[PDB]
Amino acid sequence: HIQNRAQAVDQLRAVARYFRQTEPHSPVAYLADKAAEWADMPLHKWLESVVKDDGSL
Amino acid sequence: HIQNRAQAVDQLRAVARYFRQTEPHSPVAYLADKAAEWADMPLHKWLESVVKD
């Protein structure tokens, strides 16, 4: 019974933290971490970095 | 508040269910589901399977 997205993300981040702490090098740690990065407006940041890199239009 | 592994796996599964339902077939749903699948794989299995040639 997870009610909203904000709470789902917090909980995803807590799970990633746990597995990082107890099984740092596992698949489950790696995937949970990548899931967490995909939960957090990641196309915005990426585009910004692509543009910064081109330097111009 | 995460106090044992079984509980981390349950939270992980519930997160997978939430993103599956709300943002089906998004990167987050896929990765969280896949993490939930691989959470039950023991060390003696994944240590070889990750680098199977």
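Because the Cβ atoms are built from the backbone with ideal geometry, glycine has one as well, and the counts that use them run over all protein chains shown. Computed from the coordinates by the stated procedures, all read-outs in this text should not be read as laboratory data.
Please go through chain B and pick out each residue that is closer than 19 Å to A:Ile2 by Cα and of a type in the set (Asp, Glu).
Scanning chain B gives B:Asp10, B:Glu23, B:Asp33.
Any residue that is acidic (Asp, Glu) and not in a helix (DSSP H, G or I) - is there at least one of those in the range A:17-33?
yes
Given the conditions (1) surrounded by fewer than 19 Cβ atoms within 10 Å (Cβ to Cβ); (2) in contact with a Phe, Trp or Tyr (Cβ under 7 Å, 6 or more places away or on another chain), which single one is not true for B:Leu47?
(2)
Identify, by number, the condition in (1) in contact with a helix residue (DSSP H, G or I) (Cβ under 9 Å, 6 or more places away or on another chain); (2) surrounded by fewer than 17 Cβ atoms within 10 Å (Cβ to Cβ) that A:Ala39 doesn't meet.
(2)
Read through the list (1) more than 17 Å from A:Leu31 (Cα to Cα); (2) within 7 Å of another protein chain (Cβ to nearest Cβ); (3) assigned to a helix (DSSP H, G or I), then give the number of the only condition that B:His44 fails.
(2)
Is it true that some residue in the range B:11-32 is acidic (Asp, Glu), more than 9 Å from chain A (Cβ to nearest Cβ) and either in contact with a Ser or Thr (Cβ under 7 Å, 6 or more places away or on another chain) or more than 17 Å from A:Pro24 (Cα to Cα) (or both)?
No, every residue in the range B:11-32 fails to be acidic (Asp, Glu), more than 9 Å from chain A (Cβ to nearest Cβ) and either in contact with a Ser or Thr (Cβ under 7 Å, 6 or more places away or on another chain) or more than 17 Å from A:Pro24 (Cα to Cα) (or both).
Would you mind telling me which numbered condition in (1) facing another protein chain (nearest Cβ under 8 Å); (2) in contact (Cβ under 8 Å) with a residue 24 or more places away in the chain; (3) in a loop (DSSP other than H, G, I, E, B) A:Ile2 fails?
Tallying (1) facing another protein chain (nearest Cβ under 8 Å); (2) in contact (Cβ under 8 Å) with a residue 24 or more places away in the chain; (3) in a loop (DSSP other than H, G, I, E, B), A:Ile2 fails exactly one: (2).
For a quick check of your reading of the model, give me the residue pairs whose first member lies in the range A:6-30 and is among the β-branched types (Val, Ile, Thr), whose second is not in a helix (DSSP H, G or I), with beta-carbon atoms closer than 6 Å and at least 6 apart or on different chains.
A:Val9/A:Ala39; A:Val28/B:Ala39
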